[PDB]
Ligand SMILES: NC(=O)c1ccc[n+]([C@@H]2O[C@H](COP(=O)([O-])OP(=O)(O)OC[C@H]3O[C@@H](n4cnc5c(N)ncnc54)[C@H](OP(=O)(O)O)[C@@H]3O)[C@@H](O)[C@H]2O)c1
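Encoded as C-alpha cells, the following chain is the form solved without this ligand, with no partner shown.
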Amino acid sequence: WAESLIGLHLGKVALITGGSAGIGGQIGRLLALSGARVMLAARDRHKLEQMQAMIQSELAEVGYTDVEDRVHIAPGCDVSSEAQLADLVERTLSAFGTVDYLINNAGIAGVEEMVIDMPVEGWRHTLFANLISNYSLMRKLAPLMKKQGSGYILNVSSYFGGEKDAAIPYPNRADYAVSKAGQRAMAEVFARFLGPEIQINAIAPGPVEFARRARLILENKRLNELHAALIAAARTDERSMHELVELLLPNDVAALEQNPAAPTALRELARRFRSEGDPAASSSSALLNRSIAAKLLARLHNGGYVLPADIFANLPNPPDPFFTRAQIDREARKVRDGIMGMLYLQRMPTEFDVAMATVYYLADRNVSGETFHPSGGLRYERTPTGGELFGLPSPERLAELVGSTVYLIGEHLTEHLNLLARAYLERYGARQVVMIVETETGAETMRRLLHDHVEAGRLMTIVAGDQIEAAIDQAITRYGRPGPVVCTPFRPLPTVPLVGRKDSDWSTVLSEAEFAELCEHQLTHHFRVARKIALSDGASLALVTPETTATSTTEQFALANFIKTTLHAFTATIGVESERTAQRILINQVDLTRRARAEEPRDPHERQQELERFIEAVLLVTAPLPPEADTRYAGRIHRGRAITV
C-alpha cells in the first residue's frame, strides 16, 4: 500500500505542527514514507516520541537507512506562543536546513461556548493557536523557500471553515470557525504574492474517525431558555432584572408557572419545562442548578444588568439527576445520528485516508490559493456571502427605528459615520445616536462633523480606547440600551509588503506582531462588540469590514479580502447561534471591501452612489423586524448574512 507513496516526496523537508497524533501524525508518517525528512512538532513529549519511533520503524521496514536522520521531533511546542514558534523554526532549520513543506496542522478545539459565553481571552487564544500561528510560521519560512525557488505551505483548515463565497455556520464554535476560515482565506489572498515560487493551499476535511457533551447541551439549553425569557421579560416588564431574577429563587417550576404576577414569558417557560420535561428529572420541577445559575448570572452581569453577585447564594439544589440518563442518551444519539447523517457515503473517513489524499495532493505543482477537500460529501447548511443587489428595507421594519437608540462604533471612517448618524437621526426618526470612538481625536472629529446634532443633544460621544465593553456599559447606563448598532473598525488596514523580494531579508514585510494586531482590530474588535451587544439586548448589529477603494494598495486589497472572508465565518455562526437559541438580535455583515480594484467607484458620481448603497445596506440589516414578522422563515433570512456595498 506504500508502493504508490515511496519516492513521491523524496528529498523534501517538511515541518508538521501537531504532528504527534491525528491527521498531522499520519501526514508526517506518510510524508516520511514518501521520502521526505520530517520535523514533527507537538506539546506532549511522550506521544511525539512514540510517533517518531513508529515512523522510524516503518521507514526501516521499507528499506530506508539512518532513519533517525529522517524523523525529528520538537516536543513542548505550543504554537500559540510566538517565542516557541521562533524556537521551532530554529530547531528545524538546524536539523534540516530549508523547509520545503510547511504543514500548518496544529489546531485546538477552542472555547466551545456560544459567543455570549465565550471569554474574550479565550477567543484570542484560539486565534493565536489556530490562525496567527499559521501566518507566523509562513512569515519565518517563506523567505528561505523563495530564495531557494520553491516551497509549499499547507494550512489544515476544516469543512466548517467554509468555502469561497459561502460561510458555514458552526454554532458554539465561533472562535474555531473563524480560525479555520482565516486559514483558508490566508491561502486565498497570499497565493498571488507567494507565487510563482511558493504554493499555498488549504485542506478542509470534514468529520474524521459523548454522554458528557449531551449533558452540556441540555444544560446549555436550560441556560438559553431562562436567559432568553428573562431578557425578554425585562424589556417590557416594569420590574428590574434584579426583581425578575428573584422570581427564580424558590427554584420551583410549578410555582412560577402558577404565579399570577409572574411575567407571561416566565410562566410560559415554566409550563414548557413541566410539559417537555422528564418527570424523573429534577429539571422538570426545578428551574436551574447552581452551575447554570452562575453562568446565567455571568450573562446578565456581562450585559450590564445590575444585581448582586450572591443573588443565587441560597438557591435550593435540585436532587440528582437534573437530566435523566434517558434524556442524556437521547441527546447523545441526536448528536451522533446528526454527524452520521451528514455523510453522503455513509462512512466516516479515517485519519490515515485523509492524510493519504493530502500527501498525493501535495505532489500537485499547479494549485495555489485552493481549498482541497480530501474527504467530503457533506449535507450541511451553508450561508452564501456577497450579495450586491439589494434595496432598502421595508417601511414596516424602518418604522421600528423611530424613537430608537442607535450606537455607532468607529473612528477611521468618519464620512461613513457622519452619513449614518445623519440618516438615522434625520431620515428615520431615531431618538439618539451614541457615537463610540477609539480616541479623543476621533471623538472631536465626529463632534465637529455632527455639531448640529451634538448641540441638540441627539449625538453623544464616548471614547472607548481598547475597552469597548466598558464603553458600551457607559452607554447603557447613561443613554439606555441600544436598538440598532453599527460596528466599524477603529483602524485602517496596514500598507506594508506581504512578501519580500527573493534576495532581501524581508525586514519590511508584515510582521507576526502586525498580523496579530490586524486580527485584533479587524476580527476580535467585531467579536467583542457582538458578544457585548448580544448580551446587552441590542436589537440589531451590523459588522462592517474595512473599506477598499479604487486606490487601495494591492496589499490592502489582500488583507481586506482576508478579513471579509474570515469575518463571514463569524457572522454566519453567531447568526445561527442567535436564531437557534431564540435570541432576538439580528447580526449581519456589511462589506466595504471588494475583490477587484476595477469594481470600485471611479468618479464622484459613482462614489455618491456607493455611499448611498452603504446607508441602504446598513438600514437593510439594522431595521428591526416587527415582532409579528419574526417568523421562523423571516428570522433566518435576516440573521447571519453578508452583503457587499
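Just so we're on the same page, rigid core means the largest C-alpha set that superposes within 1.5 Å between forms. Numbers for residues come from their place in the sequence shown, where the first is 1.
The same protein also exists as the form deposited with this ligand bound; that form is not shown, yet it is the one meant from here on.
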property: Partner-contacting position among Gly483, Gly107, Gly151, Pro489 - heavy atom within 4.5 Å of this ligand in the entry with it bound; result: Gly107
property: In the entry with it bound, the residue from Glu61, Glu599, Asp69, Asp44 that sits within 4.5 Å of this ligand by heavy atoms; result: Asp44
property: Touches this ligand in the entry with it bound: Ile409 (any heavy atom, 4.5 Å); result: no
property: Contact of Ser158 with this ligand in the entry with it bound (heavy atom, 4.5 Å); result: yes
property: 4.5 Å heavy atom contact, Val208 to this ligand in the entry with it bound; result: yes
property: Exercise: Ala14 in contact with this ligand in the entry with it bound, heavy atom 4.5 Å; result: no
property: Per-stretch contact check against this ligand in the entry with it bound, the hit in 172 to 180, 562 to 570, 363 to 371, 519 to 527 (non-hydrogen atom, 4.5 angstroms); result: 172 to 180
property: Residues of stretch 232 to 262 in contact with this ligand in the entry with it bound (4.5 Å, non-hydrogen atom); result: none
property: Identity of the moved residue from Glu112, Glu331, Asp117, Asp473, C-alpha shift 2 angstroms or more, core fit between this form and the one not shown; result: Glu331
property: Yes/no, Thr414 Cα shift of 2 Å or more between this form and the one not shown with rigid core fixed; result: no
property: Core-superposed C-alpha of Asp505 shifting 2 Å or more between this form and the one not shown; result: no
property: Core fit, then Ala309 C-alpha moves 2 Å or more between this form and the one not shown; result: yes
